[PDB]
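Single-structure report; data block below.
The first residue in the sequence is number 1, and the count goes up from there.
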Amino acid sequence: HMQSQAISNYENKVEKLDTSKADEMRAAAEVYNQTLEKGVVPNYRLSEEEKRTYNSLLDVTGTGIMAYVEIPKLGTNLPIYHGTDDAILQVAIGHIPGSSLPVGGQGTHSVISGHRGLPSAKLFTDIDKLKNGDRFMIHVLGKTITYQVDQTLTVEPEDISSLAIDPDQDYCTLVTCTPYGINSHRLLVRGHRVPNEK
Ligand code: NA
Ligand code: NA
Ligand SMILES: [Zn+2]
């Protein structure tokens, strides 16, 4: 509802950027991605300096919306905020700081999550319905990037080893809470980069 309008605002801002500036902003995100450690358990603890850098990238709207995710099977369209934005994470999807920014490329693994969302917000609560072969799309600065689901893991909240950046791959993982028993777990739905469809 508010998400619908955040996405429209994002699109309007994008449509007003010159292609040159869109490309410059995207390239700056790719350059940052290249600086991240790879082949190791991710470090999701940023220093203040690193947070400053992170917050200044892909801030199209000035409200911290970097992109939006589309999941046709679920009818999903959701704005993706910086994961330091915090208040807004109770009602919107957050990119996990320290993971690759969602612009794709070899040697990237971006993580976007609804795990801090309020139960009533319904963020990614349907992703357990995704099967291997289903598609989702990140729309970032006028460019569309497509992922095909290839993995579905239910893990204890501490187990982030599968979120490591592989230098030969381009992955995006969608994350949500999955409550069962008297405890809380995490569902990680990974996709690998594939070409955009016609
Ligand atoms: Na890493
Ligand atoms: Na990266
Ligand atoms: Zn358990």
Between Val60 and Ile65, is any pair of side-chain heavy atoms under 4.5 Å apart?
no

With a 4.5 Å limit on heavy-atom distance, are the side chains of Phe124 and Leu78 in contact?
yes

If I compare all heavy atoms of [X] with all of [Y], which pair ends up nearest, and what's the gap?
| X | Y | result |
| --- | --- | --- |
| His95 | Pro102 | CD2-CD, 4.0 Å |
| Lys129 | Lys73 | O-NZ, 3.1 Å |
| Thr178 | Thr154 | CG2-CG2, 4.3 Å |

Keeping [X] on the side-chain end and [Y] on the backbone end, is there a donor-acceptor pair under 3.5 Å?
| X | Y | value |
| --- | --- | --- |
| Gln151 | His192 | no |
| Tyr10 | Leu141 | yes |
| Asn33 | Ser100 | no |

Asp126 versus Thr76, side-chain donor and acceptor atoms under 3.5 Å:
no

Is it true that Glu11 and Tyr68 share a donor-acceptor pair across their side chains at a distance under 3.5 Å?
yes

Check this for me: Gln148, atom CD, are more than 12 non-hydrogen atoms of other residues, nucleotides or ligands nearer than 6.0 Å?
yes

Is the number of heavy atoms from other residues, nucleotides or ligands under 6.0 Å of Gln169 CD greater than 12?
yes

Among [options], side chain to side chain contact (heavy atoms under 4.5 Å, CB included) partner for [X]:
| X | options | value |
| --- | --- | --- |
| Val194 | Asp150, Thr146, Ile145 | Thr146 |
| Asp59 | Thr61, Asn55, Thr63 | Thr61 |
| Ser99 | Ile165, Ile112, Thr173, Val111 | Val111 |

Might you work through the side-chain contact (heavy atoms from CB on, under 4.5 Å) test for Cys172 and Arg190, ending with a clear yes or no?
CA-CA 6 Å; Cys172 186; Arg190 195 182 74 185; over 6 Å; no

Rounded distance [0.5 Å steps], OH in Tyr147 versus CD1 in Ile71:
13.5 Å

Mind checking whether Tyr180 and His185 have parallel, tilted or perpendicular rings, split at 30° and 60°?
parallel

Can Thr144 and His139 be said to form a side-chain hydrogen bond (donor to acceptor under 3.5 Å, both in side chains), step by step?
CA-CA 5 Å; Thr144 299; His139 299 268; 3.2 Å; yes

